[PDB]
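Novice: Okay, so here is final-v1.cif, and as you'll see once you scroll down, it has mmCIF, N, CA and C atoms.
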data_structure
loop_
_atom_site.label_atom_id
_atom_site.label_comp_id
_atom_site.auth_asym_id
_atom_site.auth_seq_id
_atom_site.Cartn_x
_atom_site.Cartn_y
_atom_site.Cartn_z
N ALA A 16 -9.45 17.82 -16.42
CA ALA A 16 -8.11 17.85 -17.01
C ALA A 16 -7.28 16.62 -16.65
N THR A 17 -7.81 15.77 -15.77
CA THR A 17 -7.10 14.56 -15.34
C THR A 17 -7.94 13.54 -14.54
N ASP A 18 -7.56 12.26 -14.66
CA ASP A 18 -8.22 11.15 -13.96
C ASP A 18 -7.70 11.06 -12.51
N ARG A 19 -8.29 10.17 -11.71
CA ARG A 19 -7.82 10.02 -10.33
C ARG A 19 -7.97 8.65 -9.63
N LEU A 20 -6.98 8.34 -8.79
CA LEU A 20 -6.87 7.09 -8.04
C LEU A 20 -7.17 7.29 -6.54
N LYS A 21 -7.61 6.23 -5.87
CA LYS A 21 -7.94 6.30 -4.44
C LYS A 21 -7.69 5.01 -3.67
N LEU A 22 -6.85 5.12 -2.66
CA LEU A 22 -6.49 4.01 -1.81
C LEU A 22 -7.15 4.23 -0.45
N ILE A 23 -8.03 3.32 -0.07
CA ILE A 23 -8.69 3.45 1.21
C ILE A 23 -8.26 2.29 2.06
N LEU A 24 -7.77 2.57 3.25
CA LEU A 24 -7.35 1.50 4.12
C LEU A 24 -8.42 1.41 5.20
N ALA A 25 -9.02 0.24 5.34
CA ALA A 25 -10.10 0.05 6.30
C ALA A 25 -9.78 -0.95 7.37
N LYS A 26 -10.41 -0.74 8.53
CA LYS A 26 -10.22 -1.64 9.65
C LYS A 26 -11.24 -1.33 10.73
N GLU A 27 -11.06 -1.99 11.87
CA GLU A 27 -11.94 -1.84 13.02
C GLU A 27 -11.33 -0.86 13.99
N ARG A 28 -12.17 -0.03 14.59
CA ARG A 28 -11.70 0.95 15.56
C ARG A 28 -11.20 0.18 16.78
N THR A 29 -11.28 -1.15 16.68
CA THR A 29 -10.88 -2.05 17.76
C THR A 29 -9.37 -2.31 17.86
N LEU A 30 -8.72 -2.45 16.71
CA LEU A 30 -7.29 -2.75 16.65
C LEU A 30 -6.33 -1.63 16.98
N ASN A 31 -5.14 -2.06 17.40
CA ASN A 31 -4.05 -1.16 17.75
C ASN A 31 -2.88 -1.61 16.92
N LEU A 32 -2.74 -1.06 15.72
CA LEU A 32 -1.61 -1.43 14.88
C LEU A 32 -0.43 -0.57 15.28
N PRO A 33 0.46 -1.11 16.12
CA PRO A 33 1.64 -0.39 16.58
C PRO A 33 2.55 -0.04 15.41
N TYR A 34 2.04 -0.20 14.19
CA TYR A 34 2.80 0.09 12.98
C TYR A 34 1.86 0.56 11.88
N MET A 35 0.65 0.96 12.26
CA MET A 35 -0.34 1.40 11.30
C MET A 35 0.23 2.49 10.42
N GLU A 36 0.37 3.70 10.97
CA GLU A 36 0.93 4.82 10.22
C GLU A 36 2.43 4.58 10.08
N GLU A 37 2.77 3.99 8.95
CA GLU A 37 4.09 3.59 8.53
C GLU A 37 3.66 2.70 7.38
N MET A 38 2.54 2.03 7.63
CA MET A 38 1.92 1.17 6.64
C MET A 38 1.17 2.24 5.88
N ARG A 39 0.65 3.18 6.65
CA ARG A 39 -0.06 4.32 6.11
C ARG A 39 0.95 5.01 5.19
N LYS A 40 2.22 4.81 5.53
CA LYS A 40 3.32 5.40 4.79
C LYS A 40 3.97 4.55 3.67
N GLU A 41 4.87 3.64 4.00
CA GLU A 41 5.51 2.83 2.97
C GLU A 41 4.59 2.56 1.78
N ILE A 42 3.32 2.30 2.06
CA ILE A 42 2.35 2.01 1.00
C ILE A 42 2.27 3.12 -0.01
N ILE A 43 2.27 4.36 0.47
CA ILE A 43 2.20 5.53 -0.40
C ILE A 43 3.42 5.50 -1.29
N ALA A 44 4.58 5.29 -0.67
CA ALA A 44 5.83 5.22 -1.40
C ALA A 44 5.64 4.32 -2.62
N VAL A 45 4.80 3.30 -2.48
CA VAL A 45 4.57 2.37 -3.56
C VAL A 45 3.68 2.89 -4.68
N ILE A 46 2.87 3.89 -4.37
CA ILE A 46 1.97 4.44 -5.38
C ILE A 46 2.56 5.64 -6.09
N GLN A 47 3.25 6.49 -5.35
CA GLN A 47 3.82 7.66 -5.98
C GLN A 47 4.91 7.29 -7.00
N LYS A 48 5.79 6.37 -6.64
CA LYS A 48 6.87 5.99 -7.54
C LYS A 48 6.39 5.16 -8.73
N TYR A 49 5.12 4.80 -8.75
CA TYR A 49 4.58 4.01 -9.85
C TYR A 49 3.49 4.75 -10.61
N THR A 50 2.86 5.71 -9.95
CA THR A 50 1.81 6.52 -10.57
C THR A 50 2.35 7.90 -10.86
N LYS A 51 3.46 8.25 -10.21
CA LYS A 51 4.08 9.55 -10.41
C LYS A 51 3.19 10.73 -10.02
N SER A 52 2.26 10.52 -9.10
CA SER A 52 1.38 11.60 -8.69
C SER A 52 1.98 12.61 -7.74
N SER A 53 1.84 13.88 -8.11
CA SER A 53 2.35 14.98 -7.33
C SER A 53 1.34 15.40 -6.27
N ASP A 54 0.06 15.29 -6.64
CA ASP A 54 -1.09 15.67 -5.82
C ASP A 54 -1.64 14.53 -4.96
N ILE A 55 -1.64 14.68 -3.63
CA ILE A 55 -2.17 13.63 -2.74
C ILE A 55 -2.86 14.14 -1.49
N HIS A 56 -4.01 13.56 -1.16
CA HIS A 56 -4.74 13.96 0.02
C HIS A 56 -5.05 12.81 0.96
N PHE A 57 -4.45 12.82 2.15
CA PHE A 57 -4.82 11.82 3.11
C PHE A 57 -5.56 12.44 4.29
N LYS A 58 -6.61 11.76 4.72
CA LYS A 58 -7.41 12.24 5.82
C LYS A 58 -8.09 11.05 6.41
N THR A 59 -8.55 11.17 7.64
CA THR A 59 -9.21 10.06 8.29
C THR A 59 -10.72 10.15 8.29
N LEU A 60 -11.34 8.98 8.25
CA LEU A 60 -12.79 8.84 8.27
C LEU A 60 -13.23 8.05 9.51
N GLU A 67 -12.32 3.00 11.98
CA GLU A 67 -11.38 4.00 11.49
C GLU A 67 -11.12 3.75 10.02
N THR A 68 -10.95 4.80 9.23
CA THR A 68 -10.71 4.62 7.80
C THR A 68 -9.85 5.69 7.14
N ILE A 69 -8.57 5.37 6.93
CA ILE A 69 -7.61 6.28 6.30
C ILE A 69 -8.04 6.40 4.84
N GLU A 70 -7.89 7.59 4.25
CA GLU A 70 -8.31 7.80 2.87
C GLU A 70 -7.31 8.62 2.08
N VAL A 71 -6.65 7.99 1.10
CA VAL A 71 -5.64 8.67 0.29
C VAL A 71 -6.05 8.83 -1.17
N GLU A 72 -6.33 10.05 -1.63
CA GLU A 72 -6.71 10.26 -3.04
C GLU A 72 -5.56 10.81 -3.88
N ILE A 73 -5.16 10.05 -4.89
CA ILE A 73 -4.07 10.44 -5.78
C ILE A 73 -4.65 11.10 -7.01
N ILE A 74 -3.86 11.95 -7.66
CA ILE A 74 -4.24 12.67 -8.87
C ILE A 74 -2.98 12.68 -9.75
N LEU A 75 -3.12 12.14 -10.95
CA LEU A 75 -2.01 11.95 -11.88
C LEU A 75 -1.48 13.01 -12.84
N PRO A 76 -0.25 12.79 -13.37
CA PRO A 76 0.56 13.57 -14.32
C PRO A 76 0.68 12.82 -15.66
N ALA B 16 -11.49 -11.30 18.87
CA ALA B 16 -11.01 -12.25 17.83
C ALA B 16 -11.59 -11.89 16.46
N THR B 17 -10.98 -12.44 15.42
CA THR B 17 -11.42 -12.19 14.05
C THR B 17 -11.16 -10.72 13.74
N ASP B 18 -9.89 -10.37 13.55
CA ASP B 18 -9.49 -8.99 13.27
C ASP B 18 -9.30 -8.73 11.78
N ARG B 19 -10.32 -8.15 11.17
CA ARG B 19 -10.27 -7.84 9.75
C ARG B 19 -9.77 -6.41 9.43
N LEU B 20 -8.78 -6.34 8.52
CA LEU B 20 -8.16 -5.12 8.00
C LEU B 20 -8.42 -5.25 6.51
N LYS B 21 -8.82 -4.18 5.84
CA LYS B 21 -9.09 -4.27 4.40
C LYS B 21 -8.73 -3.03 3.60
N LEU B 22 -8.06 -3.25 2.47
CA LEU B 22 -7.62 -2.18 1.59
C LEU B 22 -8.47 -2.12 0.33
N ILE B 23 -8.79 -0.91 -0.11
CA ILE B 23 -9.59 -0.72 -1.31
C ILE B 23 -8.85 0.25 -2.18
N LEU B 24 -8.61 -0.20 -3.40
CA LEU B 24 -7.91 0.56 -4.41
C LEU B 24 -8.91 0.92 -5.50
N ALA B 25 -9.48 2.11 -5.38
CA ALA B 25 -10.46 2.66 -6.30
C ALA B 25 -9.78 3.21 -7.55
N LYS B 26 -10.35 2.97 -8.72
CA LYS B 26 -9.78 3.49 -9.96
C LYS B 26 -10.90 3.68 -10.97
N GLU B 27 -10.60 4.29 -12.12
CA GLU B 27 -11.61 4.50 -13.15
C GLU B 27 -11.47 3.37 -14.18
N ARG B 28 -12.58 2.94 -14.76
CA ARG B 28 -12.57 1.88 -15.77
C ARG B 28 -11.74 2.39 -16.94
N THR B 29 -11.95 3.65 -17.30
CA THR B 29 -11.21 4.27 -18.40
C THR B 29 -9.71 4.08 -18.19
N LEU B 30 -9.17 4.94 -17.34
CA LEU B 30 -7.76 4.97 -16.96
C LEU B 30 -7.12 3.57 -17.04
N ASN B 31 -6.12 3.43 -17.92
CA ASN B 31 -5.44 2.16 -18.14
C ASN B 31 -4.57 1.63 -17.00
N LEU B 32 -3.39 2.20 -16.84
CA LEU B 32 -2.50 1.72 -15.80
C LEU B 32 -2.37 0.22 -16.04
N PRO B 33 -1.78 -0.19 -17.17
CA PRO B 33 -1.66 -1.64 -17.41
C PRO B 33 -0.75 -2.31 -16.37
N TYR B 34 -1.16 -2.23 -15.11
CA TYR B 34 -0.41 -2.81 -14.01
C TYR B 34 -1.12 -2.70 -12.68
N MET B 35 -2.45 -2.79 -12.66
CA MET B 35 -3.11 -2.73 -11.38
C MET B 35 -2.75 -4.00 -10.64
N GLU B 36 -1.81 -4.76 -11.21
CA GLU B 36 -1.32 -6.00 -10.61
C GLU B 36 -0.18 -5.55 -9.68
N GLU B 37 1.04 -5.44 -10.21
CA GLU B 37 2.18 -5.00 -9.40
C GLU B 37 1.80 -3.93 -8.37
N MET B 38 1.07 -2.90 -8.81
CA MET B 38 0.64 -1.83 -7.91
C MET B 38 0.12 -2.58 -6.72
N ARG B 39 -0.79 -3.51 -7.01
CA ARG B 39 -1.41 -4.39 -6.03
C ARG B 39 -0.32 -5.26 -5.37
N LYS B 40 0.39 -6.03 -6.19
CA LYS B 40 1.47 -6.89 -5.71
C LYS B 40 2.30 -6.21 -4.63
N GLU B 41 2.71 -4.98 -4.90
CA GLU B 41 3.53 -4.24 -3.96
C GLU B 41 2.75 -3.83 -2.72
N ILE B 42 1.52 -3.37 -2.91
CA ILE B 42 0.75 -2.96 -1.76
C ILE B 42 0.51 -4.20 -0.93
N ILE B 43 0.14 -5.30 -1.58
CA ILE B 43 -0.10 -6.55 -0.87
C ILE B 43 1.17 -6.97 -0.15
N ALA B 44 2.23 -7.18 -0.92
CA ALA B 44 3.52 -7.57 -0.38
C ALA B 44 3.82 -6.79 0.89
N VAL B 45 3.86 -5.47 0.78
CA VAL B 45 4.13 -4.65 1.96
C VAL B 45 3.27 -5.19 3.07
N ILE B 46 1.97 -5.07 2.86
CA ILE B 46 0.99 -5.54 3.82
C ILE B 46 1.34 -6.86 4.48
N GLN B 47 1.80 -7.82 3.68
CA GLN B 47 2.13 -9.14 4.20
C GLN B 47 3.33 -9.15 5.12
N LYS B 48 4.07 -8.05 5.14
CA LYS B 48 5.24 -7.97 6.01
C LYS B 48 4.84 -7.32 7.34
N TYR B 49 4.14 -6.20 7.23
CA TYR B 49 3.69 -5.45 8.40
C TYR B 49 2.65 -6.16 9.25
N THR B 50 1.77 -6.95 8.62
CA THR B 50 0.73 -7.65 9.38
C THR B 50 1.02 -9.13 9.52
N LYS B 51 1.88 -9.65 8.65
CA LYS B 51 2.31 -11.04 8.65
C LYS B 51 1.20 -12.07 8.49
N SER B 52 0.02 -11.63 8.07
CA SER B 52 -1.08 -12.56 7.87
C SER B 52 -0.85 -13.45 6.67
N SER B 53 -1.53 -14.58 6.67
CA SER B 53 -1.40 -15.54 5.59
C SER B 53 -2.80 -15.84 5.05
N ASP B 54 -3.74 -15.00 5.47
CA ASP B 54 -5.12 -15.15 5.04
C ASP B 54 -5.47 -13.89 4.29
N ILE B 55 -5.30 -13.94 2.97
CA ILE B 55 -5.54 -12.80 2.10
C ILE B 55 -6.64 -13.04 1.08
N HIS B 56 -7.58 -12.11 0.96
CA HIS B 56 -8.66 -12.29 0.00
C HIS B 56 -8.90 -11.06 -0.84
N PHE B 57 -8.85 -11.21 -2.17
CA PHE B 57 -9.13 -10.08 -3.03
C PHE B 57 -10.18 -10.31 -4.08
N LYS B 58 -11.30 -9.59 -3.97
CA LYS B 58 -12.37 -9.65 -4.95
C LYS B 58 -12.18 -8.46 -5.87
N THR B 59 -13.03 -8.28 -6.86
CA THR B 59 -12.81 -7.16 -7.75
C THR B 59 -14.01 -6.40 -8.22
N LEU B 60 -14.90 -6.06 -7.30
CA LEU B 60 -16.06 -5.28 -7.68
C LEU B 60 -16.60 -4.37 -6.58
N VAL B 66 -15.70 2.55 -13.34
CA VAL B 66 -15.64 2.87 -11.92
C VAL B 66 -15.13 1.65 -11.13
N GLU B 67 -14.06 1.07 -11.65
CA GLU B 67 -13.39 -0.10 -11.09
C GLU B 67 -12.98 0.00 -9.62
N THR B 68 -13.31 -1.02 -8.83
CA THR B 68 -12.93 -1.01 -7.41
C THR B 68 -12.37 -2.33 -6.84
N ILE B 69 -11.03 -2.35 -6.70
CA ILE B 69 -10.23 -3.48 -6.19
C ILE B 69 -10.13 -3.56 -4.66
N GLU B 70 -10.84 -4.52 -4.08
CA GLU B 70 -10.85 -4.71 -2.64
C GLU B 70 -9.88 -5.82 -2.24
N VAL B 71 -9.57 -5.92 -0.95
CA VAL B 71 -8.61 -6.91 -0.43
C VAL B 71 -8.75 -7.10 1.08
N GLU B 72 -9.38 -8.20 1.53
CA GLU B 72 -9.55 -8.46 2.97
C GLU B 72 -8.36 -9.17 3.55
N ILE B 73 -7.88 -8.68 4.68
CA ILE B 73 -6.73 -9.29 5.35
C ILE B 73 -7.09 -9.49 6.79
N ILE B 74 -6.94 -10.71 7.29
CA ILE B 74 -7.23 -11.03 8.68
C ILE B 74 -5.90 -11.39 9.33
N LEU B 75 -5.38 -10.44 10.09
CA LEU B 75 -4.09 -10.59 10.75
C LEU B 75 -4.10 -11.71 11.76
N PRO B 76 -2.91 -12.22 12.12
CA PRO B 76 -2.89 -13.29 13.11
C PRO B 76 -2.69 -12.75 14.55
#
Represent the structure from my file as structure tokens, please.

Specialist:
Amino acid sequence: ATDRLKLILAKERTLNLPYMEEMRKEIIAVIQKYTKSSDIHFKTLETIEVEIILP
Amino acid sequence: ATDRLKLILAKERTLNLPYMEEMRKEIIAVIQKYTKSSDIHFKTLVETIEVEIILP
């Protein structure tokens, strides 16, 4: 009933981004207001994984 | 040394979104503020948009 988008943020388990999850955040703000997706799943794999589903 | 961070924006070939640019532009832009890197690389290969960033 609908197509889907996926943003995967990848990096090394080595780094310490004292601002990672915020980047993990603001970035989303950029996809929802442009894709208008109500449905979103973020989970970790280090590799954050955000799957969007559109309207 | 050599700290690689990379974003992948997966999409369908079908699905239009005549703007995988700005979507990108904004994601990139953000990224360029939080990591402040000046070494940015984006290749493009069920469409899959990758982007390597090596922070300073």

Novice: Could you tell me which residues the PyMOL selection byres ((chain A) within 7 of (chain B)) returns for this structure, as a ChimeraX atom specification?

Specialist: /A:18-27,42,45-46

Novice: Given the file above and the PyMOL selection byres (((chain A and resi 69 and name CA) around 8) and name CA), which residues are selected, and can you give them as a list in words?

Specialist: residues 23, 24, 25, 39, 57, 58, 59, 60, 67, 68, 70 and 71 of chain A

Novice: Kindly give the distance, in Å, that separates CA of residue 73 (chain A) and atom N of residue 55 (chain A), rounded to a single decimal.

Specialist: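 Straight-line distance from CA of residue 73 (chain A) to atom N of residue 55 (chain A) works out to 5.3 Å.
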
Novice: To one decimal place in Å, what is the distance between CA of residue 37 (chain A) and CA of residue 52 (chain B)?

Specialist: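 Between these atoms lies a distance of 17.0 Å.
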
Novice: Mind pulling up the distance from CA of residue 74 (chain A) to CA of residue 51 (chain A)?

Specialist: 9.0 Å

Novice: Using only C-alpha atoms, find the one residue out of A:17, A:33, A:75, A:28 that sits nearest to residue 54 (chain A).

Specialist: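 Smallest distance to residue 54 (chain A) is found for A:75.
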
Novice: If you run DSSP on this backbone, which residues of chain A come out as strand (DSSP E), and could you give them as a PDB file with N, CA and C atoms, in the coordinates of the input?

Specialist:
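selection.pdb was written with the following content:
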ATOM      1  N   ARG A  19      -8.290  10.170 -11.710  1.00  0.00           N
ATOM      2  CA  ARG A  19      -7.820  10.020 -10.330  1.00  0.00           C
ATOM      3  C   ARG A  19      -7.970   8.650  -9.630  1.00  0.00           C
ATOM      4  N   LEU A  20      -6.980   8.340  -8.790  1.00  0.00           N
ATOM      5  CA  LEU A  20      -6.870   7.090  -8.040  1.00  0.00           C
ATOM      6  C   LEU A  20      -7.170   7.290  -6.540  1.00  0.00           C
ATOM      7  N   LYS A  21      -7.610   6.230  -5.870  1.00  0.00           N
ATOM      8  CA  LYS A  21      -7.940   6.300  -4.440  1.00  0.00           C
ATOM      9  C   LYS A  21      -7.690   5.010  -3.670  1.00  0.00           C
ATOM     10  N   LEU A  22      -6.850   5.120  -2.660  1.00  0.00           N
ATOM     11  CA  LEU A  22      -6.490   4.010  -1.810  1.00  0.00           C
ATOM     12  C   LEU A  22      -7.150   4.230  -0.450  1.00  0.00           C
ATOM     13  N   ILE A  23      -8.030   3.320  -0.070  1.00  0.00           N
ATOM     14  CA  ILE A  23      -8.690   3.450   1.210  1.00  0.00           C
ATOM     15  C   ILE A  23      -8.260   2.290   2.060  1.00  0.00           C
ATOM     16  N   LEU A  24      -7.770   2.570   3.250  1.00  0.00           N
ATOM     17  CA  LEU A  24      -7.350   1.500   4.120  1.00  0.00           C
ATOM     18  C   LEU A  24      -8.420   1.410   5.200  1.00  0.00           C
ATOM     19  N   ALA A  25      -9.020   0.240   5.340  1.00  0.00           N
ATOM     20  CA  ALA A  25     -10.100   0.050   6.300  1.00  0.00           C
ATOM     21  C   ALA A  25      -9.780  -0.950   7.370  1.00  0.00           C
ATOM     22  N   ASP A  54       0.060  15.290  -6.640  1.00  0.00           N
ATOM     23  CA  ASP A  54      -1.090  15.670  -5.820  1.00  0.00           C
ATOM     24  C   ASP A  54      -1.640  14.530  -4.960  1.00  0.00           C
ATOM     25  N   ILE A  55      -1.640  14.680  -3.630  1.00  0.00           N
ATOM     26  CA  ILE A  55      -2.170  13.630  -2.740  1.00  0.00           C
ATOM     27  C   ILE A  55      -2.860  14.140  -1.490  1.00  0.00           C
ATOM     28  N   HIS A  56      -4.010  13.560  -1.160  1.00  0.00           N
ATOM     29  CA  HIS A  56      -4.740  13.960   0.020  1.00  0.00           C
ATOM     30  C   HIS A  56      -5.050  12.810   0.960  1.00  0.00           C
ATOM     31  N   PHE A  57      -4.450  12.820   2.150  1.00  0.00           N
ATOM     32  CA  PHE A  57      -4.820  11.820   3.110  1.00  0.00           C
ATOM     33  C   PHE A  57      -5.560  12.440   4.290  1.00  0.00           C
ATOM     34  N   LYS A  58      -6.610  11.760   4.720  1.00  0.00           N
ATOM     35  CA  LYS A  58      -7.410  12.240   5.820  1.00  0.00           C
ATOM     36  C   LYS A  58      -8.090  11.050   6.410  1.00  0.00           C
ATOM     37  N   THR A  59      -8.550  11.170   7.640  1.00  0.00           N
ATOM     38  CA  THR A  59      -9.210  10.060   8.290  1.00  0.00           C
ATOM     39  C   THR A  59     -10.720  10.150   8.290  1.00  0.00           C
ATOM     40  N   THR A  68     -10.950   4.800   9.230  1.00  0.00           N
ATOM     41  CA  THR A  68     -10.710   4.620   7.800  1.00  0.00           C
ATOM     42  C   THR A  68      -9.850   5.690   7.140  1.00  0.00           C
ATOM     43  N   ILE A  69      -8.570   5.370   6.930  1.00  0.00           N
ATOM     44  CA  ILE A  69      -7.610   6.280   6.300  1.00  0.00           C
ATOM     45  C   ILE A  69      -8.040   6.400   4.840  1.00  0.00           C
ATOM     46  N   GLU A  70      -7.890   7.590   4.250  1.00  0.00           N
ATOM     47  CA  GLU A  70      -8.310   7.800   2.870  1.00  0.00           C
ATOM     48  C   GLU A  70      -7.310   8.620   2.080  1.00  0.00           C
ATOM     49  N   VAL A  71      -6.650   7.990   1.100  1.00  0.00           N
ATOM     50  CA  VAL A  71      -5.640   8.670   0.290  1.00  0.00           C
ATOM     51  C   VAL A  71      -6.050   8.830  -1.170  1.00  0.00           C
ATOM     52  N   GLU A  72      -6.330  10.050  -1.630  1.00  0.00           N
ATOM     53  CA  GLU A  72      -6.710  10.260  -3.040  1.00  0.00           C
ATOM     54  C   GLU A  72      -5.560  10.810  -3.880  1.00  0.00           C
ATOM     55  N   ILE A  73      -5.160  10.050  -4.890  1.00  0.00           N
ATOM     56  CA  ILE A  73      -4.070  10.440  -5.780  1.00  0.00           C
ATOM     57  C   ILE A  73      -4.650  11.100  -7.010  1.00  0.00           C
ATOM     58  N   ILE A  74      -3.860  11.950  -7.660  1.00  0.00           N
ATOM     59  CA  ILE A  74      -4.240  12.670  -8.870  1.00  0.00           C
ATOM     60  C   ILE A  74      -2.980  12.680  -9.750  1.00  0.00           C
TER      61      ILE A  74
END

Novice: Measuring atom to atom with only C-alpha atoms, identify which of B:47, B:17, B:36, B:56 is nearest to residue 49 (chain A).

Specialist: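 Selected residue with least distance to residue 49 (chain A): B:36.
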
Novice: Among the residues of chain A, find those DSSP assigns to helix (DSSP H, G or I) from the backbone and print them as a list in words.

Specialist: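 Written out, the helix (DSSP H, G or I) residues of chain A are residues 35, 36, 37, 38, 39, 40, 41, 42, 43, 44, 45, 46, 47, 48, 49 and 50 of chain A.
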
Novice: To test the calculation: enclose all listed atoms of region 38-41 of chain B in a box whose edges run along x, y and z, add 6 Å on each side, then state centre and edge lengths in Å to one decimal, as lines of an AutoDock Vina configuration file.

Specialist:
center_x = 1.1
center_y = -4.4
center_z = -5.8
size_x = 16.9
size_y = 17.1
size_z = 18.1
